[PDB]
Number of protein chains: 2
Amino acid sequence: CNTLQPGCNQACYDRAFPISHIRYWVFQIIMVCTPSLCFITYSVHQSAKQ
Amino acid sequence: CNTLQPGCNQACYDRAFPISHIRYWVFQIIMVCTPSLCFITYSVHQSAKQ
């Protein structure tokens, strides 16, 4: 970045990219799989009961 | 100056101080003394004539 003041780079980088795209994608992928995991656990519990 | 672009310093210095005060003062002092010099030369010529 065209600047000489110390700390003018980190603040600008945070402003431009508060949350990176990879974190959002990972969060979405992990959140989407939770109903499948809970269904698998419920099926395991049902099998254990019988 | 708070900048990183090369050449951003000389142009700004020229814009802020196109002509320095010392040059103007010297020019004024030299210009003021010219009538005295021409009067002295005219007096010398008059003395030489007589």
# chains A, B, ... in the order shown; residues from 1 in each chain; ligands from 1
call {"tool": "interface_residues", "arguments": {"of": "chain A", "to": "chain B", "cutoff": "7 Å", "atoms": "only C-alpha atoms", "output": "PDB file with N, CA and C atoms, in the first residue's frame"}}
result
ATOM      1  N   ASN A   2       0.452   2.261  -0.740  1.00  0.00           N
ATOM      2  CA  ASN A   2       1.213   3.502  -0.880  1.00  0.00           C
ATOM      3  C   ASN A   2       1.036   4.325   0.388  1.00  0.00           C
ATOM      4  N   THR A   3       1.873   4.048   1.384  1.00  0.00           N
ATOM      5  CA  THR A   3       1.823   4.771   2.647  1.00  0.00           C
ATOM      6  C   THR A   3       3.162   4.628   3.354  1.00  0.00           C
ATOM      7  N   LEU A   4       3.394   5.523   4.314  1.00  0.00           N
ATOM      8  CA  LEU A   4       4.581   5.479   5.154  1.00  0.00           C
ATOM      9  C   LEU A   4       4.265   5.453   6.642  1.00  0.00           C
TER      10      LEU A   4
END
call {"tool": "atom_distance", "arguments": {"atom1": "atom CA of residue 17 of chain A", "atom2": "atom CA of residue 30 of chain A"}}
result
21.7 Å
call {"tool": "atom_distance", "arguments": {"atom1": "atom CA of residue 38 of chain B", "atom2": "atom CA of residue 21 of chain B"}}
result
26.8 Å
call {"tool": "atom_distance", "arguments": {"atom1": "atom CA of residue 25 of chain A", "atom2": "atom CA of residue 11 of chain A"}}
result
23.7 Å
